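Comments concern the structure below.
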Amino acid sequence: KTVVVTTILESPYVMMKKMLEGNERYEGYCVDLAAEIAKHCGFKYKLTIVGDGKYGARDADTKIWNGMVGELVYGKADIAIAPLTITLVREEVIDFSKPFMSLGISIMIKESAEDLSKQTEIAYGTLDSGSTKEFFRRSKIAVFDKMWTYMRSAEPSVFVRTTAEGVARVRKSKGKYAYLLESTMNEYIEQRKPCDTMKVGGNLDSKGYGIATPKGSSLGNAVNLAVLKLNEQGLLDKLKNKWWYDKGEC
Ligand SMILES: C=C(C)[C@H]1CN[C@H](C(=O)O)[C@H]1CC(=O)O
């Protein structure tokens, strides 16, 4: 009937419009994408914000999945449309459509990862949780192994809790802090006032954001084909361009 869509607030994917109710209270790349996939797929839907404000990780002790991944695994939501990175750990428990947006871990400064690793004057870190932190923690690649060893025991802490906190840390560190985040957010922030941040070097890895459904869900096939069609039509490119550049401030 009404498909339950779990999502999360993260600019410019989903934001509260700056007097409204329901789905109209929200706006953003993922809000427009949700309307497009629902249209193609022919379904009615309700956008809900994830209760714990998490993306999805499996607790080491309890072994239960939190965030949006959890809402799908434990049947509280039918689909998740947000900047949810496709990873092997999450793929084992849920289905992802073909990526609707490409990305890679990147470097944000006010060069290369290898350059950051073999240096010591510019501090650097990631979010305290997430796919980016996990990439470093589990990487067998020498350069990233070295970066992780440095980050995990750096005093004071090089980690931050939100994107906004990492961005702020960069801006106020006068060239002494590099923030490792997804290139998508790096590109977005570069077009935001005071226009004082920049992405340097190539990405450290390669993946995408995908629409997620419960393993074996009937909606899966349809949402994947819709993603392929929107991409082919150039719609996903126009949509990223709208929210990143058309709406840029620099
Ligand atoms: C914004 C947050 C916390 C998200 C967005 N995609 C990643 C994820 O799906 O884990 C996280 C960022 C990162 O890990 O650098």
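Out of all the residues in region 31-49, which are in contact with a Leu (Cβ under 9 Å, 6 or more places away or on another chain) and within 13 Å of residue 7 (Cβ to Cβ)?
Applying the first criterion (in contact with a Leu (Cβ under 9 Å, 6 or more places away or on another chain)) to region 31-49 yields 31-34, 36-37, 40-41, 43, 49.
Listed by number, the residues that qualify are 31, 32, 33, 34, 37, 49.
Restricting the search to region 11-54, which residues are among the aromatic types (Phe, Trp, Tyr) and under 20 Å from residue 224 (Cβ atoms)?
Of all residues in region 11-54, those among the aromatic types (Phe, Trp, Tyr) come to 13, 26, 29, 43, 45.
Answer for region 11-54, where residues must be among the aromatic types (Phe, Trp, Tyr) and under 20 Å from residue 224 (Cβ atoms): 13, 29, 43, 45.
May I ask you to list pairs of residues, at least six apart or on different chains, whose Cβ atoms are under 7 Å apart, with the first in region 217-228 being surrounded by fewer than 16 Cβ atoms within 10 Å (Cβ to Cβ) and the second being not hydrophobic (A, V, I, L, M, F, W, C)?
Matching pairs, first to second residue: 228/98.
Would you be able to tell me the number of residues in region 120-143 that are within 14 Å of the ligand (Cβ to nearest atom) and either hydrophobic (A, V, I, L, M, F, W, C) or over 23 Å from the mean Cα position of the chain (by Cα) (or both)?
Total meeting the criteria: 3.
Would you mind telling me which numbered condition in (1) farther than 16 Å from residue 195 by Cα; (2) in contact with a strand residue (DSSP E or B) (Cβ under 9 Å, 6 or more places away or on another chain); (3) not in a helix (DSSP H, G or I) residue 175 fails?
Unmet condition: (1).
So which residues in region 67-85 are in a loop (DSSP other than H, G, I, E, B) and of a type outside the set (A, V, I, L, M, F, W, C), if there are any at all?
As a first pass, look at region 67-85 and keep what is in a loop (DSSP other than H, G, I, E, B): 74-78, 81-84.
Those that are in a loop (DSSP other than H, G, I, E, B) and of a type outside the set (A, V, I, L, M, F, W, C): 74, 75, 76, 78, 83.
Let's see how each residue does on (1) among the charged types (D, E, K, R); (2) within 30 Å of residue 175 (Cα to Cα); (3) not assigned by CATH to the domain that holds residue 239:
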residue	(1), (2), (3)
47	no, no, no
68	no, no, no
73	no, no, no
90	yes, no, no
123	no, yes, yes
158	no, yes, yes
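Do you know which of the residues in region 144-166 that are among the charged types (D, E, K, R) and within 14 Å of the ligand (Cβ to nearest atom) is farthest from residue 109 (Cα to Cα)?
We begin by selecting, within region 144-166, every residue among the charged types (D, E, K, R); these are 145-146, 152, 155, 161, 165.
Then keep just the ones that are within 14 Å of the ligand (Cβ to nearest atom); that gives 161, 165.
Numbers: 161: 18, 165: 14 Å.
Top of the filtered list is 161.
Give all pairs with beta carbons closer than 6 Å in which a residue from region 121-136 that is part of a loop (DSSP other than H, G, I, E, B) meets a residue that is more than 7 Å from the ligand (Cβ to nearest atom) and not polar (S, T, N, Q); count only pairs at least 6 apart in sequence or on separate chains.
Here the result reads 122/176; 122/178; 126/180; 128/159; 128/161, each pair linking region 121-136 to a residue that is more than 7 Å from the ligand (Cβ to nearest atom) and not polar (S, T, N, Q).
Which ones in region 41-88 are away from the ligand (no atom under 13 Å from the Cβ) and among the charged types (D, E, K, R)?
The answer is 44, 46, 59, 61, 63, 71, 76, 78.
If I filter region 32-66 down to residues being among the hydroxyl-bearing types (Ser, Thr, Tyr) and not in a strand (DSSP E or B), which single residue comes out as surrounded by the most Cβ atoms within 10 Å (Cβ to Cβ)? Full working, then the answer.
If we filter region 32-66 for residues that are among the hydroxyl-bearing types (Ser, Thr, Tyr), which is where we start, we get 45, 48, 55, 62.
Checking the rest, the ones that are also not in a strand (DSSP E or B) come to 55, 62.
On the way: 55: 22, 62: 8.
It comes out as 55.
What about residue 169, is it part of a helix (DSSP H, G or I), in contact with a strand residue (DSSP E or B) (Cβ under 6 Å, 6 or more places away or on another chain) and within 16 Å of the ligand (Cβ to nearest atom)?
Here the answer is yes, as residue 169 does meet what is asked.
Could you check region 194-250 and list, in sequence order, the residues that are among the β-branched types (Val, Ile, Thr) and either under 25 Å from residue 165 (Cβ atoms) or in contact with a strand residue (DSSP E or B) (Cβ under 9 Å, 6 or more places away or on another chain) (or both)? If you could, list the steps in order and put the result at the bottom.
Step one: list which residues in region 194-250 are among the β-branched types (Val, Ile, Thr), which gives 197, 200, 211, 213, 223, 227.
197, 200, 211, 213, 223 - these are the residues of region 194-250 that are among the β-branched types (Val, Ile, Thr) and either under 25 Å from residue 165 (Cβ atoms) or in contact with a strand residue (DSSP E or B) (Cβ under 9 Å, 6 or more places away or on another chain) (or both).
Quick one: in region 14-31, which of the residues that are touching a strand residue (DSSP E or B) at 6+ places or on another chain (Cβ under 8 Å) and in a loop (DSSP other than H, G, I, E, B) is farthest from the ligand (Cβ to nearest atom)?
Here the residue is 17.
Counting neighbours? That spans all protein chains shown, and the Cβs are built from the backbone with ideal geometry, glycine included. The values are calculated or read from the model by the stated rules, or taken from the named source; these are not laboratory values.
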